[PDB]
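The structure file structure.txt is reproduced below (compact mmCIF, C-alpha atoms and all ligand atoms).
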# COMPACT_ATOMS: atom_id res chain seq x y z
CA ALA K 31 0.00 0.00 0.00
CA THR K 32 1.69 3.16 1.29
CA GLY K 33 5.10 1.78 0.37
CA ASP K 34 4.92 1.51 -3.40
CA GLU K 35 2.25 4.22 -3.35
CA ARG K 36 5.06 6.64 -2.54
CA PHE K 37 7.53 4.75 -4.72
CA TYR K 38 5.25 4.99 -7.75
CA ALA K 39 4.32 8.60 -7.04
CA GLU K 40 7.78 9.91 -6.16
CA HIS K 41 10.06 7.83 -8.37
CA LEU K 42 8.59 5.33 -10.83
CA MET K 43 5.99 7.48 -12.60
CA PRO K 44 8.11 10.65 -12.80
CA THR K 45 10.85 8.57 -14.42
CA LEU K 46 8.41 7.00 -16.88
CA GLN K 47 7.21 10.48 -17.87
CA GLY K 48 10.77 11.71 -18.27
CA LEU K 49 11.51 8.85 -20.68
CA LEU K 50 8.29 8.66 -22.70
CA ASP K 51 5.91 11.15 -24.26
CA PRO K 52 2.26 10.85 -23.16
CA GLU K 53 0.96 8.68 -26.01
CA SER K 54 3.97 6.34 -25.88
CA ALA K 55 3.52 5.97 -22.13
CA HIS K 56 -0.19 5.27 -22.66
CA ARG K 57 0.61 2.53 -25.20
CA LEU K 58 3.20 0.90 -22.97
CA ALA K 59 0.86 1.03 -19.98
CA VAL K 60 -1.88 -0.70 -21.95
CA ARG K 61 0.67 -3.37 -22.91
CA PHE K 62 1.84 -3.90 -19.33
CA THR K 63 -1.71 -3.99 -18.02
CA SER K 64 -2.82 -6.60 -20.56
CA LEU K 65 0.12 -8.77 -19.48
CA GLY K 66 -0.69 -8.38 -15.78
CA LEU K 67 2.64 -6.71 -15.11
CA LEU K 68 1.20 -4.77 -12.20
CA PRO K 69 2.11 -4.14 -8.53
CA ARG K 70 0.34 -6.31 -5.95
CA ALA K 71 -3.20 -5.06 -5.27
CA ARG K 72 -3.42 -5.96 -1.61
CA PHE K 73 -6.45 -3.89 -0.69
CA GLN K 74 -9.37 -6.19 0.00
CA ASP K 75 -12.75 -4.63 -0.71
CA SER K 76 -15.02 -4.49 2.33
CA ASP K 77 -18.80 -4.78 2.18
CA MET K 78 -18.95 -1.03 2.85
CA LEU K 79 -17.79 -0.39 -0.71
CA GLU K 80 -20.36 -2.57 -2.44
CA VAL K 81 -22.99 -0.82 -4.54
CA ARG K 82 -25.98 -2.24 -6.35
CA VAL K 83 -27.15 -0.15 -9.29
CA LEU K 84 -27.84 -0.46 -13.04
CA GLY K 85 -29.06 -4.02 -12.49
CA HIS K 86 -25.72 -5.17 -11.13
CA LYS K 87 -23.58 -5.56 -8.05
CA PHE K 88 -20.36 -3.54 -7.97
CA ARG K 89 -17.88 -4.81 -5.41
CA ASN K 90 -16.41 -1.33 -5.14
CA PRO K 91 -17.48 2.02 -6.68
CA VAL K 92 -14.17 2.90 -8.35
CA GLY K 93 -14.00 2.29 -12.08
CA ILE K 94 -11.51 3.03 -14.84
CA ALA K 95 -12.97 5.63 -17.21
CA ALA K 96 -13.32 5.22 -20.96
CA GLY K 97 -10.31 6.18 -23.06
CA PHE K 98 -7.56 4.20 -21.38
CA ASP K 99 -8.43 0.81 -22.83
CA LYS K 100 -10.01 2.05 -26.06
CA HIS K 101 -10.00 -1.31 -27.87
CA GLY K 102 -10.70 -3.83 -25.11
CA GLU K 103 -7.14 -5.15 -24.78
CA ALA K 104 -6.48 -4.92 -21.05
CA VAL K 105 -9.78 -5.59 -19.32
CA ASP K 106 -8.56 -8.37 -17.02
CA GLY K 107 -5.41 -6.48 -16.08
CA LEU K 108 -7.62 -3.58 -15.07
CA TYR K 109 -9.69 -5.73 -12.72
CA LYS K 110 -6.38 -7.00 -11.33
CA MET K 111 -5.48 -3.36 -10.68
CA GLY K 112 -8.43 -3.25 -8.28
CA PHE K 113 -11.10 -1.38 -10.25
CA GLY K 114 -14.64 -2.40 -9.32
CA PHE K 115 -15.73 -2.01 -12.92
CA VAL K 116 -14.14 -1.38 -16.30
CA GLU K 117 -15.29 0.75 -19.22
CA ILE K 118 -13.67 0.29 -22.62
CA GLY K 119 -13.97 2.55 -25.64
CA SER K 120 -14.84 4.74 -27.18
CA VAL K 121 -15.31 2.28 -30.06
CA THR K 122 -16.40 3.47 -33.52
CA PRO K 123 -18.22 1.27 -36.08
CA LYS K 124 -15.41 1.17 -38.64
CA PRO K 125 -11.69 1.33 -37.80
CA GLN K 126 -10.18 4.82 -37.91
CA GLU K 127 -6.85 6.40 -36.99
CA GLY K 128 -7.92 9.50 -35.07
CA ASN K 129 -6.06 12.82 -35.24
CA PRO K 130 -2.41 13.30 -36.27
CA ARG K 131 0.25 13.21 -33.53
CA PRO K 132 1.13 14.73 -31.21
CA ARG K 133 -2.36 14.48 -29.71
CA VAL K 134 -1.78 13.98 -25.98
CA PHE K 135 -0.15 16.53 -23.67
CA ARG K 136 0.86 16.60 -20.00
CA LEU K 137 0.33 19.59 -17.73
CA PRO K 138 2.39 18.47 -14.70
CA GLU K 139 2.00 21.76 -12.81
CA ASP K 140 -1.78 21.38 -12.99
CA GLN K 141 -1.98 17.62 -12.55
CA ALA K 142 -3.90 17.69 -15.82
CA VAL K 143 -3.87 16.20 -19.31
CA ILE K 144 -5.07 17.58 -22.64
CA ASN K 145 -5.88 15.10 -25.39
CA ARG K 146 -7.27 15.28 -28.90
CA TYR K 147 -7.08 11.61 -29.85
CA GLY K 148 -10.13 11.93 -32.08
CA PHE K 149 -11.65 8.48 -31.53
CA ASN K 150 -8.75 6.34 -32.73
CA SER K 151 -10.39 2.91 -32.77
CA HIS K 152 -9.87 -0.67 -33.95
CA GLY K 153 -13.58 -0.60 -34.78
CA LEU K 154 -16.56 -2.70 -33.68
CA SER K 155 -15.63 -5.94 -35.43
CA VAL K 156 -12.17 -6.26 -33.89
CA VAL K 157 -13.42 -5.34 -30.41
CA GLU K 158 -16.37 -7.73 -30.74
CA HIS K 159 -14.07 -10.68 -31.39
CA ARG K 160 -11.76 -9.54 -28.60
CA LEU K 161 -14.64 -9.53 -26.08
CA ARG K 162 -16.13 -12.77 -27.41
CA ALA K 163 -12.84 -14.53 -26.67
CA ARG K 164 -13.24 -13.82 -22.95
CA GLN K 165 -17.04 -13.60 -22.83
CA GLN K 166 -17.65 -16.38 -20.31
CA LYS K 167 -14.85 -15.19 -18.07
CA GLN K 168 -16.49 -11.76 -18.02
CA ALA K 169 -19.84 -13.37 -17.18
CA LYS K 170 -18.30 -14.81 -14.02
CA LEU K 171 -16.53 -11.54 -13.22
CA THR K 172 -19.84 -9.69 -13.55
CA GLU K 173 -21.65 -12.23 -11.36
CA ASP K 174 -18.79 -11.61 -8.92
CA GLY K 175 -19.56 -7.89 -8.83
CA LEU K 176 -17.10 -6.72 -11.50
CA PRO K 177 -19.23 -5.35 -14.40
CA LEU K 178 -18.06 -4.31 -17.86
CA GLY K 179 -19.07 -1.15 -19.69
CA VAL K 180 -18.63 -0.32 -23.36
CA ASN K 181 -18.46 3.26 -24.62
CA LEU K 182 -19.77 3.79 -28.17
CA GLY K 183 -18.49 6.46 -30.54
CA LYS K 184 -19.13 7.39 -34.15
CA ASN K 185 -16.91 7.59 -37.21
CA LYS K 186 -15.55 10.95 -38.30
CA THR K 187 -17.08 10.73 -41.78
CA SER K 188 -20.34 9.24 -40.53
CA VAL K 189 -23.37 10.77 -42.27
CA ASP K 190 -25.92 9.37 -39.82
CA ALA K 191 -24.90 9.58 -36.16
CA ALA K 192 -27.82 7.60 -34.77
CA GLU K 193 -27.00 4.74 -37.12
CA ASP K 194 -23.38 4.63 -35.92
CA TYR K 195 -24.61 4.27 -32.33
CA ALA K 196 -27.31 1.77 -33.30
CA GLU K 197 -24.62 -0.41 -34.89
CA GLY K 198 -22.61 -0.28 -31.68
CA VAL K 199 -25.67 -1.33 -29.68
CA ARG K 200 -26.27 -4.29 -31.99
CA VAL K 201 -22.67 -5.50 -32.06
CA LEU K 202 -21.32 -4.81 -28.57
CA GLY K 203 -24.53 -4.47 -26.57
CA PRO K 204 -24.78 -8.28 -26.21
CA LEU K 205 -21.29 -8.29 -24.70
CA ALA K 206 -21.65 -5.41 -22.23
CA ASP K 207 -23.28 -4.95 -18.85
CA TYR K 208 -23.79 -1.30 -19.77
CA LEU K 209 -23.41 0.82 -22.88
CA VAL K 210 -22.45 4.48 -22.98
CA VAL K 211 -23.64 6.83 -25.67
CA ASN K 212 -20.84 9.34 -25.79
CA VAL K 213 -22.25 12.60 -27.09
CA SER K 214 -19.61 14.67 -25.30
CA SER K 215 -16.25 14.12 -27.00
CA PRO K 216 -14.51 17.49 -27.64
CA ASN K 217 -12.55 15.97 -30.51
CA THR K 218 -15.12 15.08 -33.16
CA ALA K 219 -16.73 18.02 -34.96
CA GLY K 220 -20.48 18.14 -34.46
CA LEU K 221 -20.68 15.39 -31.84
CA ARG K 222 -21.51 17.49 -28.78
CA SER K 223 -24.48 19.15 -30.51
CA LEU K 224 -26.09 15.70 -30.32
CA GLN K 225 -26.70 16.99 -26.79
CA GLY K 226 -29.48 19.34 -27.91
CA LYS K 227 -33.07 18.29 -27.19
CA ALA K 228 -35.12 17.08 -30.18
CA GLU K 229 -31.94 15.74 -31.78
CA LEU K 230 -30.99 13.93 -28.57
CA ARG K 231 -34.51 12.54 -28.16
CA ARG K 232 -34.43 11.15 -31.69
CA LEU K 233 -30.94 9.76 -31.17
CA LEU K 234 -31.69 8.13 -27.81
CA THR K 235 -35.08 6.82 -28.90
CA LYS K 236 -33.33 4.86 -31.65
CA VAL K 237 -30.58 3.66 -29.30
CA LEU K 238 -33.11 2.40 -26.75
CA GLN K 239 -35.21 0.67 -29.41
CA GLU K 240 -32.15 -1.18 -30.70
CA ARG K 241 -31.25 -2.08 -27.11
CA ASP K 242 -34.74 -3.38 -26.34
CA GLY K 243 -34.49 -5.57 -29.43
CA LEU K 244 -31.69 -7.62 -27.85
CA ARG K 245 -32.48 -10.90 -26.07
CA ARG K 246 -33.08 -10.41 -22.35
CA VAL K 247 -29.94 -12.04 -20.97
CA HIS K 248 -27.90 -9.88 -23.35
CA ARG K 249 -29.66 -6.57 -22.76
CA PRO K 250 -27.33 -3.85 -21.35
CA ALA K 251 -28.26 -0.73 -19.41
CA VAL K 252 -27.84 2.41 -21.53
CA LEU K 253 -26.15 5.52 -20.14
CA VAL K 254 -25.48 8.95 -21.62
CA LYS K 255 -22.10 10.60 -21.03
CA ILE K 256 -22.15 14.39 -21.07
CA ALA K 257 -19.70 17.27 -21.20
CA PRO K 258 -18.93 19.66 -18.32
CA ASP K 259 -19.43 22.49 -20.82
CA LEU K 260 -23.23 22.54 -21.06
CA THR K 261 -25.47 25.58 -20.64
CA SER K 262 -28.19 25.45 -17.98
CA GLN K 263 -30.64 24.99 -20.86
CA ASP K 264 -28.69 21.98 -22.18
CA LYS K 265 -28.62 20.24 -18.80
CA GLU K 266 -32.29 20.99 -18.20
CA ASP K 267 -33.12 19.52 -21.61
CA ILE K 268 -30.97 16.43 -21.12
CA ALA K 269 -32.54 15.73 -17.73
CA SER K 270 -35.99 15.95 -19.32
CA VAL K 271 -35.23 13.63 -22.23
CA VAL K 272 -33.45 11.14 -19.96
CA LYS K 273 -36.52 10.85 -17.72
CA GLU K 274 -38.97 10.85 -20.63
CA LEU K 275 -37.21 7.97 -22.41
CA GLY K 276 -36.14 6.00 -19.36
CA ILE K 277 -32.40 6.26 -19.92
CA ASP K 278 -30.75 4.07 -17.28
CA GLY K 279 -28.06 6.47 -16.13
CA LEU K 280 -25.69 9.37 -16.75
CA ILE K 281 -21.93 9.61 -16.84
CA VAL K 282 -20.80 13.03 -15.64
CA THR K 283 -18.49 14.24 -17.06
CA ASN K 284 -16.24 13.99 -20.11
CA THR K 285 -13.23 16.30 -20.54
CA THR K 286 -13.67 20.07 -20.78
CA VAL K 287 -12.93 22.34 -23.74
CA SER K 288 -12.71 25.18 -21.23
CA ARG K 289 -9.39 26.32 -19.80
CA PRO K 290 -9.98 27.39 -16.19
CA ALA K 291 -8.05 30.45 -15.04
CA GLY K 292 -4.86 29.52 -13.23
CA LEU K 293 -3.55 26.70 -15.44
CA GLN K 294 0.26 26.79 -15.29
CA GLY K 295 1.28 24.09 -17.75
CA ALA K 296 3.19 25.34 -20.78
CA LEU K 297 0.86 23.32 -23.03
CA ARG K 298 -2.38 24.76 -21.64
CA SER K 299 -3.33 26.28 -25.02
CA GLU K 300 -3.24 22.99 -26.95
CA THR K 301 -6.57 22.09 -28.56
CA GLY K 302 -8.44 19.23 -26.92
CA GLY K 303 -10.23 18.07 -23.80
CA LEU K 304 -8.74 18.93 -20.42
CA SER K 305 -8.85 16.26 -17.70
CA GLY K 306 -7.63 15.85 -14.13
CA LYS K 307 -7.52 18.26 -11.23
CA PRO K 308 -8.65 21.47 -13.00
CA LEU K 309 -11.76 19.52 -14.03
CA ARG K 310 -12.57 18.12 -10.60
CA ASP K 311 -15.05 20.59 -9.10
CA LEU K 312 -16.60 21.53 -12.44
CA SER K 313 -17.50 17.84 -12.77
CA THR K 314 -18.75 17.60 -9.19
CA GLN K 315 -21.02 20.63 -9.70
CA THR K 316 -22.43 19.11 -12.90
CA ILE K 317 -23.19 15.92 -10.95
CA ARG K 318 -24.91 17.98 -8.25
CA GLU K 319 -27.03 19.70 -10.89
CA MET K 320 -28.00 16.59 -12.89
CA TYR K 321 -28.87 14.67 -9.71
CA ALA K 322 -31.26 17.46 -8.68
CA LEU K 323 -32.78 17.80 -12.16
CA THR K 324 -33.49 14.04 -12.16
CA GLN K 325 -34.78 13.97 -8.57
CA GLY K 326 -32.06 11.55 -7.55
CA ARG K 327 -33.89 8.87 -9.55
CA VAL K 328 -31.31 8.44 -12.32
CA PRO K 329 -28.03 6.68 -11.43
CA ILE K 330 -24.94 8.82 -12.02
CA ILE K 331 -21.34 7.76 -12.58
CA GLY K 332 -19.15 10.64 -11.50
CA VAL K 333 -15.90 11.28 -13.36
CA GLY K 334 -13.39 14.11 -13.41
CA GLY K 335 -10.26 14.81 -11.40
CA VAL K 336 -10.68 12.05 -8.82
CA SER K 337 -7.37 11.09 -7.18
CA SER K 338 -8.28 10.59 -3.52
CA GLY K 339 -10.96 9.23 -1.25
CA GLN K 340 -12.11 12.78 -0.54
CA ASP K 341 -12.50 13.47 -4.28
CA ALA K 342 -14.58 10.30 -4.68
CA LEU K 343 -16.73 10.93 -1.62
CA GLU K 344 -17.48 14.50 -2.72
CA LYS K 345 -18.91 13.21 -6.00
CA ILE K 346 -20.86 10.45 -4.23
CA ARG K 347 -22.34 12.92 -1.74
CA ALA K 348 -23.11 15.18 -4.72
CA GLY K 349 -25.16 12.36 -6.25
CA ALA K 350 -22.83 9.81 -7.86
CA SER K 351 -23.58 6.13 -7.24
CA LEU K 352 -20.21 5.19 -8.77
CA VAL K 353 -17.05 7.08 -9.74
CA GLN K 354 -14.31 6.69 -12.35
CA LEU K 355 -10.79 8.01 -12.67
CA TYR K 356 -8.25 8.10 -15.46
CA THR K 357 -5.81 11.01 -15.28
CA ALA K 358 -4.84 10.26 -11.66
CA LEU K 359 -3.62 6.86 -12.89
CA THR K 360 -1.20 8.55 -15.29
CA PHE K 361 0.46 10.52 -12.48
CA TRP K 362 0.40 8.13 -9.55
CA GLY K 363 0.23 4.76 -11.30
CA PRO K 364 -1.71 1.60 -10.32
CA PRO K 365 -1.33 2.15 -6.55
CA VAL K 366 -3.73 5.09 -6.77
CA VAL K 367 -6.67 2.70 -7.02
CA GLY K 368 -6.10 1.02 -3.66
CA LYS K 369 -5.32 4.44 -2.23
CA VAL K 370 -8.66 5.91 -3.30
CA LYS K 371 -10.61 2.89 -2.06
CA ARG K 372 -8.84 2.86 1.31
CA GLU K 373 -9.34 6.60 1.89
CA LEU K 374 -12.98 6.39 0.79
CA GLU K 375 -13.69 3.65 3.32
CA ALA K 376 -11.99 5.62 6.12
CA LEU K 377 -13.94 8.79 5.28
CA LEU K 378 -17.21 6.86 5.15
CA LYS K 379 -16.72 5.54 8.70
CA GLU K 380 -15.49 8.97 9.76
CA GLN K 381 -18.66 10.70 8.59
CA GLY K 382 -21.00 8.09 10.01
CA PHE K 383 -22.08 6.30 6.82
CA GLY K 384 -22.77 2.59 7.04
CA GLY K 385 -21.59 2.24 3.47
CA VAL K 386 -21.22 3.96 0.10
CA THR K 387 -24.92 3.53 -0.61
CA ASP K 388 -25.90 5.64 2.40
CA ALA K 389 -23.71 8.49 1.17
CA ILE K 390 -25.12 8.75 -2.36
CA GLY K 391 -26.75 12.16 -2.65
CA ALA K 392 -26.23 12.96 1.04
CA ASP K 393 -25.43 16.64 0.30
CA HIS K 394 -28.95 17.13 -1.08
CA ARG K 395 -30.56 15.92 2.15
CA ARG K 396 -28.85 18.43 4.47
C1 LIG N 1 -6.15 10.41 -22.89
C2 LIG N 1 -7.67 10.41 -22.65
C3 LIG N 1 -8.50 9.76 -23.57
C4 LIG N 1 -9.88 9.74 -23.37
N1 LIG N 1 -10.70 9.01 -24.24
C5 LIG N 1 -12.08 8.92 -24.01
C6 LIG N 1 -12.89 8.17 -24.86
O1 LIG N 1 -12.40 7.57 -25.82
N2 LIG N 1 -14.27 8.09 -24.63
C7 LIG N 1 -14.84 8.76 -23.53
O2 LIG N 1 -16.05 8.68 -23.32
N3 LIG N 1 -14.02 9.51 -22.68
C8 LIG N 1 -12.64 9.58 -22.92
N4 LIG N 1 -11.82 10.33 -22.06
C9 LIG N 1 -12.45 11.03 -20.92
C10 LIG N 1 -12.35 10.24 -19.61
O3 LIG N 1 -13.13 9.05 -19.72
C11 LIG N 1 -12.86 11.05 -18.42
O4 LIG N 1 -14.25 11.36 -18.61
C12 LIG N 1 -12.10 12.36 -18.23
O5 LIG N 1 -10.70 12.17 -18.49
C13 LIG N 1 -12.30 12.90 -16.81
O6 LIG N 1 -11.77 12.00 -15.84
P1 LIG N 1 -10.30 12.22 -15.23
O7 LIG N 1 -10.07 13.61 -14.76
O8 LIG N 1 -10.16 11.15 -14.03
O9 LIG N 1 -9.26 11.75 -16.37
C14 LIG N 1 -10.43 10.38 -22.27
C15 LIG N 1 -9.60 11.03 -21.36
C16 LIG N 1 -8.22 11.04 -21.54
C17 LIG N 1 -7.34 11.71 -20.49
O1 LIG N 2 1.78 9.27 -19.25
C1 LIG N 2 0.87 10.00 -19.71
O2 LIG N 2 0.95 11.25 -19.78
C2 LIG N 2 -0.43 9.34 -20.18
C3 LIG N 2 -1.26 10.01 -21.06
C4 LIG N 2 -2.47 9.45 -21.45
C5 LIG N 2 -2.85 8.21 -20.95
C6 LIG N 2 -2.02 7.54 -20.06
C7 LIG N 2 -0.81 8.10 -19.68
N1 LIG N 2 0.03 7.42 -18.88
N2 LIG N 2 -0.27 6.35 -18.36
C8 LIG N 2 0.63 5.75 -17.61
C9 LIG N 2 0.40 4.57 -16.92
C10 LIG N 2 -0.73 3.86 -16.88
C11 LIG N 2 -0.48 2.73 -16.22
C12 LIG N 2 0.80 2.72 -15.85
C13 LIG N 2 1.55 1.76 -15.17
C14 LIG N 2 2.68 2.22 -14.50
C15 LIG N 2 3.53 1.34 -13.84
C16 LIG N 2 3.25 -0.02 -13.85
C17 LIG N 2 2.12 -0.49 -14.52
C18 LIG N 2 1.27 0.40 -15.18
CL1 LIG N 2 -0.11 -0.27 -15.97
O3 LIG N 2 1.38 3.88 -16.27
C1 LIG N 3 -7.07 -0.16 -36.42
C2 LIG N 3 -6.82 1.25 -36.96
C3 LIG N 3 -5.80 2.00 -36.10
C4 LIG N 3 -6.38 2.36 -34.73
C5 LIG N 3 -5.27 2.71 -33.74
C6 LIG N 3 -5.86 3.22 -32.42
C7 LIG N 3 -4.79 3.32 -31.33
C8 LIG N 3 -4.35 1.95 -30.81
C9 LIG N 3 -3.33 2.10 -29.68
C10 LIG N 3 -3.91 2.87 -28.48
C11 LIG N 3 -2.82 3.68 -27.78
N1 LIG N 3 -2.42 4.87 -28.55
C12 LIG N 3 -2.18 4.58 -29.97
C13 LIG N 3 -3.47 5.89 -28.45
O1 LIG N 3 -1.19 5.43 -27.99
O1 LIG N 4 -14.88 11.18 -25.41
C1 LIG N 4 -13.73 11.59 -25.58
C2 LIG N 4 -12.99 11.22 -26.87
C3 LIG N 4 -11.47 11.29 -26.66
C4 LIG N 4 -10.76 11.21 -28.01
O2 LIG N 4 -10.38 12.29 -28.51
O3 LIG N 4 -10.63 10.08 -28.51
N1 LIG N 4 -11.13 12.54 -25.97
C5 LIG N 4 -11.83 12.89 -24.81
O4 LIG N 4 -11.31 13.64 -23.98
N2 LIG N 4 -13.13 12.41 -24.62

This structure in structure tokens:
Amino acid sequence: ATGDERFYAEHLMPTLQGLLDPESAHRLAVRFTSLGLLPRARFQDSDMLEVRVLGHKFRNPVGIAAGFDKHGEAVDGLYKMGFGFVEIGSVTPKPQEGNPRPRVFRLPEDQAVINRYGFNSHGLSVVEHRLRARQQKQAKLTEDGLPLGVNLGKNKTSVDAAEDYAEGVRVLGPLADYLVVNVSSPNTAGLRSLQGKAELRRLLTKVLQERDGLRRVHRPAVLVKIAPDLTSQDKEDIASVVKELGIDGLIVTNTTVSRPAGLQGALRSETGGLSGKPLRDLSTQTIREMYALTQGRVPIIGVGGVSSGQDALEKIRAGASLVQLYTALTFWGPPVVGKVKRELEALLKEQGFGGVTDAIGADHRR
């Protein structure tokens, strides 16, 4: 625990970042993870951390966010890392390369990253076969409280966005415990305007119809993942459509195209989505707002700048049933997962909660 926590944070990771640019480090990390070349994950999840939501049991509330394992190559290594659930993607229907390099940038002074990957993806067919090869193993993992999510994107040249997502539902829906309709990527022109009302209702109506057409045992929950950069009108509209159509949950939030005042990193003006610490409270506030607009009736996965138990608990109290992290992993390495879980459990006891479930939305009941 604390030993290689400090070793990874003070020595290992800083040395990795000195040797490798962000995208190279990302690639290597995916390789190592898929091979199980990880530190020992000694933290044992207590019953306090268990959550039941989205039609599943989650043995702990800390997931790996979409974008790390884009093509489904490292899923088992990620469970080994200690994540209570794993989300792969975004996956696009056809293979595509994404934007030209460089397309990932570190802001060390801000504990932040900026990326404009642009949905680089092996495509549905490759990922489908990848997941099929471990399908029964995943079934046991899920039954064991370790669910799998799949994040669906759309091709850059795609003429019909709803049809791209419908394809993803048909191909990967049968292999996922939940699907994410990602209408919040900063890095595909036009995508985020799928977040407007009548266009979103049409989009999500088609997604849900395709989902309902799958056989029962293979029918995933469907979640919508939104940006932190929405107007009050956007959020209000999304909340309304989500409740009207019976969307199963929200993921809040993606990266931000904003650049908060105070960023110090030399690369702060690179185009792309900003993640990590500068995003943290913007994300938490968006969770707070969406939870209230949905009357606490729509499950929320909270994401954005989580690197400690306090960060996680603040999102849970704000209305998140589950949280994810990504950027924190790039700075502190695999030990950050056990760290977050251990601190979350301590804070829960400290504040008088019997478990995570009791803390969900607790700020709204004060
Ligand atoms: C390098 C990188 C790539 C990402 N790729 C995706 C993606 O493909 N699909 C998606 O829905 N979110 C993607 N994200 C967003 C993350 O899932 C997450 O919402 C965001 O980074 C905020 O969490 P964080 O501060 O813990 O990193 C990406 C983020 C980063 C840093
Ligand atoms: O480095 C970036 O700026 C970066 C940018 C974008 C995405 C990921 C990024 N780095 N990720 C590093 C990482 C992940 C996992 C491990 C790791 C470390 C040590 C042992 C085992 C493992 Cl799996 O290192
Ligand atoms: C199959 C068409 C080409 C898709 C390549 C997508 C990237 C695969 C490797 C992921 C890690 N990365 C390249 C982002 O550093
Ligand atoms: O959803 C996404 C897509 C990703 C990319 O550019 O591939 N970049 C992000 O920050 N969020």

task: Could you please extract the residues within 6 Å of ligand LIG 2 (chain N), counting only C-alpha atoms and all ligand atoms, and hand them back as JSON, numbers by chain?
output: {"K": [47, 52, 53, 55, 56, 59, 62, 63, 68, 136, 359, 360, 363, 364]}

Distance of CA of residue 114 in chain K from CA of residue 388 in chain K, expressed in Å to one decimal place: 18.1 Å

Surrounding residues as a PDB file with C-alpha atoms, in the frame of the given file, ligand LIG 4 (chain N), max 7 Å, only C-alpha atoms and all ligand atoms:
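Contents of selection.pdb, freshly written:
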ATOM      1  CA  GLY K  97     -10.310   6.180 -23.060  1.00  0.00           C
ATOM      2  CA  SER K 120     -14.840   4.740 -27.180  1.00  0.00           C
ATOM      3  CA  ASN K 145      -5.880  15.100 -25.390  1.00  0.00           C
ATOM      4  CA  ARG K 146      -7.270  15.280 -28.900  1.00  0.00           C
ATOM      5  CA  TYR K 147      -7.080  11.610 -29.850  1.00  0.00           C
ATOM      6  CA  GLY K 148     -10.130  11.930 -32.080  1.00  0.00           C
ATOM      7  CA  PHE K 149     -11.650   8.480 -31.530  1.00  0.00           C
ATOM      8  CA  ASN K 150      -8.750   6.340 -32.730  1.00  0.00           C
ATOM      9  CA  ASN K 212     -20.840   9.340 -25.790  1.00  0.00           C
ATOM     10  CA  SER K 214     -19.610  14.670 -25.300  1.00  0.00           C
ATOM     11  CA  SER K 215     -16.250  14.120 -27.000  1.00  0.00           C
ATOM     12  CA  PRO K 216     -14.510  17.490 -27.640  1.00  0.00           C
ATOM     13  CA  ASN K 217     -12.550  15.970 -30.510  1.00  0.00           C
ATOM     14  CA  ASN K 284     -16.240  13.990 -20.110  1.00  0.00           C
ATOM     15  CA  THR K 285     -13.230  16.300 -20.540  1.00  0.00           C
ATOM     16  CA  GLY K 302      -8.440  19.230 -26.920  1.00  0.00           C
ATOM     17  CA  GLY K 303     -10.230  18.070 -23.800  1.00  0.00           C
ATOM     18  CA  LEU K 304      -8.740  18.930 -20.420  1.00  0.00           C
TER      19      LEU K 304
END

Minimum-distance residue to ligand LIG 1 (chain N), chosen among K:169, K:228, K:323, K:366 (using only C-alpha atoms and all ligand atoms):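 The answer is K:366, which sits nearest to ligand LIG 1 (chain N).
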
message: Counting all atoms listed in the file, which residue out of K:108, K:121, K:142, K:96 sits closest to residue 281 in chain K?
response: K:96

field: Nearest residue to residue 85 in chain K from the set K:184, K:200, K:133, K:249 (distances using all atoms listed in the file)
entry: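 Answer, going by the shortest atom-to-atom distance: K:249.
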
task: With a distance cut-off of 9 Å and all atoms listed in the file, select the neighbouring residues of residue 394 in chain K, excluding the residue or stretch itself and same-chain residues fewer than 2 positions from it, and output the selection as a PyMOL selection string.
output: chain K and resi 318+321-322+347-349+391-392+396

Protein and nucleic residues near ligand LIG 1 (chain N), 7 Å, all atoms listed in the file, as a ChimeraX atom specification: /K:95-98,100,119-120,134,143-145,147,149,181,212,215,255,283-285,305-307,309-310,333-336,354-358

task: Name the closest residue to residue 132 in chain K among the candidates K:72, K:301, K:168, K:206; distances are taken between atoms, counting all atoms listed in the file.
output: K:301

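You will find CA of residue 157 in chain K at 12.6 Å from atom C9 of ligand LIG 3 (chain N).
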
- prompt: Can you find the residues with an atom no farther than 12 Å from (-7.3, 6.7, -1.1), counting all atoms listed in the file, and report them as a PyMOL selection string?
  reply: chain K and resi 31-32+35+73+92+336-343+358+362+364-378

message: If we count only C-alpha atoms and set the cut-off at 10 Å, which residues sit around residue 270 in chain K, ignoring sequence neighbours fewer than 4 positions away in its own chain? Please answer as a list in words.
response: residues 227, 231, 264, 265, 266, 274, 275, 276, 323 and 324 of chain K

message: Using only C-alpha atoms and all ligand atoms, which residues have at least one atom no more than 6 Å from ligand LIG 3 (chain N)? Output them as a PyMOL selection string.
response: chain K and resi 53-54+56-57+125-127+150-152

message: Applying 9 Å and all atoms listed in the file, which residues near residue 203 in chain K remain after dropping the ones on its own chain fewer than 2 positions away? List them as a list in words.
response: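 That gives residues 180, 198, 199, 200, 201, 205, 206, 207, 208, 209, 241, 244, 248, 249, 250 and 251 of chain K.
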
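We find CA of residue 237 in chain K and CA of residue 279 in chain K to be spaced 13.7 Å apart.
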